[PDB]
Each structure stands twice: as C-alpha cells, then as structure tokens.
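Student: Dropping the structure in here first, questions after.
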Amino acid sequence: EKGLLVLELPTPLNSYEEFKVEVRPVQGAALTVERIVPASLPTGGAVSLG
Amino acid sequence: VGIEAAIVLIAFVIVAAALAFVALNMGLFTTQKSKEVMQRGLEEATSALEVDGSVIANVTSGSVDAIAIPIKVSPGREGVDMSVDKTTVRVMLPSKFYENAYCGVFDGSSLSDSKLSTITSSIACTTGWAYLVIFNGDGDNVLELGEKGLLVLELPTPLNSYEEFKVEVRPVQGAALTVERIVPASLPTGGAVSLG
C-alpha cells in the first residue's frame, strides 16, 4: 500500500523558509521530514521540493 | 527462580526496543538530510552565470558614466536567484571601493524602447546604483535559461580615460562572476561606447 500524506496550510510558507513535519504512530519510530522551499516558484501547479 | 529471570528478560527486551526506536528514527532523519545536502551540492555545481557579449558603457561630457554588463546562465539551466536580499554586487574603482551597490531587479518591459539612455533614466533605485534588467522573462526575480539579463551601473563622476575597474557579482548559490575592463583612449562626446 502506498500512502501520500497531505497538509492543507492556510497562508503559511513563502519563499526560502523551512518547515518541519513529524508523524507519531502508536507503534514504531516517529518519522521526521524537513524541507526548504526553493527560490523558483511557478504561478500555479505543483512544485517539487526535492 | 524463574520469575526474576523473566523480569530481567522483560527489562532487557524493553531497553532494546527503545534503542531500536531511537536508532531507526535518527537513521531515517540522517539519511534524509544526506539526500538533501547532496542534492544541494549538485545544485551548487551548476548555475554558473557568465558574461554573454561585450560590455557597453555610456559616456557624457568626455567621461564614462554608466556601464552595462550582459550576462546569461550557463548550460545546465537551474536558474540563479537575483533577489535584492540574496545577491550582492561589488564594484572596485581606482579611487573607490563599494561592497554592496545592488538595488534590485526590474523587469525589462522594453520600456519605450531598448535605448541605453532610456534604461538608465527610467529606472531609478532608492539606495545604490547597480540593478539587473531581465529580457524575455516571465516576471520573476530569478534569472533562468531563455532569459537575457543586462546589469547596469550608474556611476556618479568616476571613470576617466585609461583606468581599470572591477565588477563582481555574488549570488547566494553558484560561482561569483568577475568582470574587469579598461576604458579605451577614444571616447565620443555622446552615445554608447563599446568596451570590448
């Protein structure tokens, strides 16, 4: 099974600032995700964060 | 006899579980950060930025006033950010040294036309002189492939004949660009003069 975890953020996240996302299951290791928004952002559509 | 052995076994298993939890969590985090850092290194490898063409200067009253330096992005795409807060331009003059003369990037809407006088006159900066003008761009402050950039200096009463000047651009990512030219002996009373 493939899972895609989605965040709906109302008016955060301009250019160049970092964010941190952590998942805490009842069993197993917590997952840590940290990414930085790139300088080049299109006017619409998805942008890859690497 | 058995019961205390079972209790010790339970304790030792629980300790091992905590160690495993910590190990997997930190290993996943460090693998992700290694991925990110090597991706950033690959990004830094490209995005060179280079001079495309000849530097062209504006001369008034027998002295060089403004300097236009044409630049483009190197092969590999991966555009260079030209924002005000991320790029610094260094100007080294025979009697002056400026660490940061960058004022920003204004879109090249072609103005009334592509005159050097029109570009130098219509655009003004609140602080500093050097600005970059993008051509054929999409309106962003990032110089990408397919976009032509012309970096302009507004120099108040430097640059007579025969003395050298040095201009350096310092992007946040990628190699710094070094430009050095010498003013020729023959300067017209007006209009642009080529610096080669």
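Student: Out of all the residues in segment B:31-57, which are surrounded by 11 or more Cβ atoms within 10 Å (Cβ to Cβ) and of a type in the set (S, T, N, Q)?
Tutor: Selection gives B:32, B:39, B:46, B:47, B:54.
Student: Now for a separate question. Looking at the structure I just gave you, is residue A:39 in contact with a helix residue (DSSP H, G or I) (Cβ under 8 Å, 6 or more places away or on another chain), in a loop (DSSP other than H, G, I, E, B) and either within 14 Å of another protein chain (Cβ to nearest Cβ) or more than 24 Å from residue B:39 (Cα to Cα) (or both)?
Tutor: No: the conditions fail for residue A:39.
Student: I'd like the full set of residues that are assigned to a loop (DSSP other than H, G, I, E, B) and closer than 27 Å to residue B:107 by Cβ, limited to segment B:151-196.
Tutor: B:155, B:156, B:171, B:172, B:173, B:174, B:175, B:176, B:191, B:195
The rows are residues; the columns are (1) surrounded by fewer than 14 Cβ atoms within 10 Å (Cβ to Cβ); (2) touching a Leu at 6+ places or on another chain (Cβ under 7 Å); (3) hydroxyl-bearing (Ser, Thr, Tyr).
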residue: B:29; (1), (2), (3): no, no, no
residue: B:67; (1), (2), (3): no, yes, no
residue: B:81; (1), (2), (3): no, no, no
residue: B:120; (1), (2), (3): no, no, yes
residue: B:128; (1), (2), (3): no, no, no
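Student: Name the residue that is nearest to the other protein chains (Cβ to nearest Cβ), counting only residues in segment B:132-143 that are part of a loop (DSSP other than H, G, I, E, B) and under 23 Å from residue B:179 (Cβ atoms).
Tutor: B:141
Student: Among the residues of segment B:64-107, which ones are of a type in the set (S, T, N, Q) and in contact with a strand residue (DSSP E or B) (Cβ under 7 Å, 6 or more places away or on another chain)?
Tutor: B:74, B:87, B:88, B:100
Student: OK, next. Go through B:34, B:114, B:47 for me and flag whichever is without any contact (Cβ under 8 Å) to a residue 12 or more places away in the chain and either aliphatic (A, V, I, L, M) or within 14 Å of another protein chain (Cβ to nearest Cβ) (or both).
Tutor: B:34
Student: If residue B:189 passes every condition in (1) closer than 27 Å to residue A:39 by Cβ; (2) away from every other protein chain (no Cβ under 14 Å) but one, which one does it miss?
Tutor: Failed condition: (1).
Student: Now for a different question. Conditions: (1) buried (at least 20 other Cβ atoms within 10 Å of the Cβ); (2) on the phi > 0 side of the Ramachandran plot. Residue B:61 meets all but one. Number of the miss?
Tutor: (1)
Yes/no matrix, rows are residues, columns are (1) over 19 Å from residue B:91 (Cβ atoms); (2) hydroxyl-bearing (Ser, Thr, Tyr); (3) surrounded by fewer than 19 Cβ atoms within 10 Å (Cβ to Cβ):
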{"position": "B:123", "(1), (2), (3)": "no, no, yes"}
{"position": "B:134", "(1), (2), (3)": "yes, no, no"}
{"position": "B:140", "(1), (2), (3)": "yes, no, no"}
{"position": "B:151", "(1), (2), (3)": "no, no, no"}
{"position": "B:164", "(1), (2), (3)": "no, no, yes"}
{"position": "B:169", "(1), (2), (3)": "no, no, no"}
{"position": "B:177", "(1), (2), (3)": "no, no, no"}
{"position": "B:181", "(1), (2), (3)": "no, no, yes"}
{"position": "B:186", "(1), (2), (3)": "yes, yes, yes"}
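Student: Right, something else. If we scan segment B:111-131, do we find a residue that is in a strand (DSSP E or B) and not β-branched (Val, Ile, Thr)?
Tutor: Scanning segment B:111-131 turns up at least one residue that is in a strand (DSSP E or B) and not β-branched (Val, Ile, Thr).
Student: So, residue B:54, is that one within 14 Å of another protein chain (Cβ to nearest Cβ), in contact (Cβ under 8 Å) with a residue 12 or more places away in the chain and under 20 Å from residue B:145 (Cα atoms) or not?
Tutor: So residue B:54 does not fit the description; no.
Student: Turning to a different aspect of this structure: Collect the residues in segment A:1-27 that are surrounded by 10 or more Cβ atoms within 10 Å (Cβ to Cβ), under 27 Å from residue B:84 (Cα atoms) and within 12 Å of chain B (Cβ to nearest Cβ), keeping them in residue-number order.
Tutor: Hits for segment A:1-27 are A:15, A:16.
Student: Within segment B:87-108, is there a residue that is under 27 Å from residue B:132 (Cβ atoms) and within 14 Å of another protein chain (Cβ to nearest Cβ)?
Tutor: Yes: one or more hits.
Virtual Cβ from ideal backbone geometry, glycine too; neighbours counted across all protein chains shown. Any read-out appearing in this document is the output of simple, stated calculations on the displayed coordinates, not a laboratory observation.
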